[PDB]
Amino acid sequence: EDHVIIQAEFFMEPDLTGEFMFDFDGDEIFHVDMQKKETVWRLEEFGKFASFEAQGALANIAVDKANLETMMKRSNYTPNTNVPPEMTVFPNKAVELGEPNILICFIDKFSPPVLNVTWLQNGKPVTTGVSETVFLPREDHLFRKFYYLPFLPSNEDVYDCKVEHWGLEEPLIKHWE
């Protein structure tokens, strides 16, 4: 098919986490932030050409929780299988010393949608300006997620993306320099 629109929701227990997003050919259109009760467009410009009523999303998530609890009981409390991520670490653009850039940590093919992702610079945790997407859907019903780290490229800096997930026995750590 030429194009695909996907509305993807989840609720998860005992974590009590839920997300609501729209997807076009594998990129996020928007999500609803559950804390802020707000439609967050993936790029702000999109909100000039479209609108979405956040309150509907929240209602769907309350109903998804209820539907989860019914399926938990009907399944005789069969738990979700932990499927561990795979990870890639790469720069957003062609890298040039001292011209700001963004390091991308892409995490793929995991369930459930819970990650502890840590950026390290020369062995030490860094957080300045970090951003992330929502849990992006896959056809196989596993998840994807992007983490962004603003950096100023140098000769001597080494970066590690460290991911923790219940599907891994030990952390999955990759680097770029």
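All residue numbers refer to positions in the sequence shown, first residue = 1.
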Exercise. In the PDB record, does 125 to 133 or 138 to 146 carry the higher mean Cα temperature factor?
Worked result: 125 to 133
Seminar exercise, completed: Going by the entry, of stretches 107 to 115 and 30 to 38 the one with greater average Cα B-factor is 30 to 38
Exercise. When the CA B-factors of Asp160, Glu19, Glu156, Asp23 are compared as recorded in the entry, which is the largest?
Worked result: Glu156
Problem set entry | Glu164 - Cα temperature factor, lowest/middle/highest third of chain | highest
Exercise. Which third of the chain does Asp64 land in by C-alpha B-factor: lowest, middle or highest?
Worked result: lowest
Problem set entry | Lowest, middle or highest third - CA B-factor, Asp15 | highest
